[PDB]
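Only one chain is given next, in structure tokens, and it is the form deposited in one PDB entry.
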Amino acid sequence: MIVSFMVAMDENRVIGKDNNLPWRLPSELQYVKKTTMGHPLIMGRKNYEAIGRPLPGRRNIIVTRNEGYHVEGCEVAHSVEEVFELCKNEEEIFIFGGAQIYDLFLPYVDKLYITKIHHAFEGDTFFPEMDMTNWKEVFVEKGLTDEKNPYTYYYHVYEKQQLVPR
């Protein structure tokens, strides 16, 4: 199973301001929708609640310690192992965020879809630092910038840097 991080962040790795997107880039979201069509979306409860609704055309799986937590049109998992069990036949899952959620899935991640927005917003949560030397870029693309998507941004995808034996 391919464990993938899906993330949008600013020049300082900001991913949230008071559980909200500091930016409004509809085209970026259309990218997320396109890229994740037909795969599980893995998210923390806070992230989910900030989104506000089941996002369709895909298994929304919310991750929380809270055993009583339920929401209609979604699944709830209480641990990483619970997520893997739920997704056992899945070919690729997308960790959708909550800084802590990315941390939980960090030792299993195979693939990074990162949108970098060229700006400094005001934020309170951050995409955790990562050593990118174990990572190799395989695709890049300048996102659409216009009246509705004010900022300049780029889609990046990374896979594992393969080591060459001594």
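Note that the rigid core is defined as the largest set of C-alphas that superpose within 1.5 Å between two forms. The numbering used is simple: start at 1 and walk along the sequence shown.
*Could you check the entry and say whether 22 to 30 or 43 to 51 has the higher mean CA B-factor?*
Per the PDB record, 43 to 51.
*Report the stretch with the higher mean CA temperature factor, choosing between 117 to 125 and 57 to 65 on the basis of the entry.*
Averaging CA B-factors over each stretch, the winner is 57 to 65.
*From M132, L106, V138, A99, pick the one with the largest CA B-factor in the entry?*
Spelled out: the listed residue with the top C-alpha B-factor is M132.
*What third of its chain's C-alpha B-factors does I95 belong to: lowest, middle or highest?*
Lowest third - that is where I95 ends up once the chain's C-alpha B-factors are sorted.
*Report the third (lowest, middle or highest) to which the CA temperature factor of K17 belongs, ranking only the modelled residues of the same chain.*
Highest third of the chain for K17's C-alpha B-factor.
There is also a form deposited in another entry; it is not shown, and the following applies to it.
_Can you tell which residue in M37, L106, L29, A120 has its CA shifted by 2 Å or more between this form and the one not shown when the core is superposed?_
Residue with a C-alpha shift of 2 Å or more: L29.
_Rigid core fit then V138 CA moved by 2 Å or more between this form and the one not shown_ = Shift at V138: below 2 Å after core fit.
*State yes or no: after fitting on the rigid core, is the Cα displacement of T152 between this form and the one not shown at least 2 Å?*
The answer is no, as the C-alpha of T152 shifts between this form and the one not shown by less than 2 Å after core alignment.
*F105 to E129, Cα distance in the other form relative to here: closer or farther, by 3 Å or more?*
Pair moves farther apart in the other form.
*Please say whether the CA atoms of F139 and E129 come closer or move farther apart in the other form, knowing the change relative to this form is 3 Å or more.*
Between the C-alphas of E129 and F139, the gap narrows in the other form (3 Å or more compared with this form).
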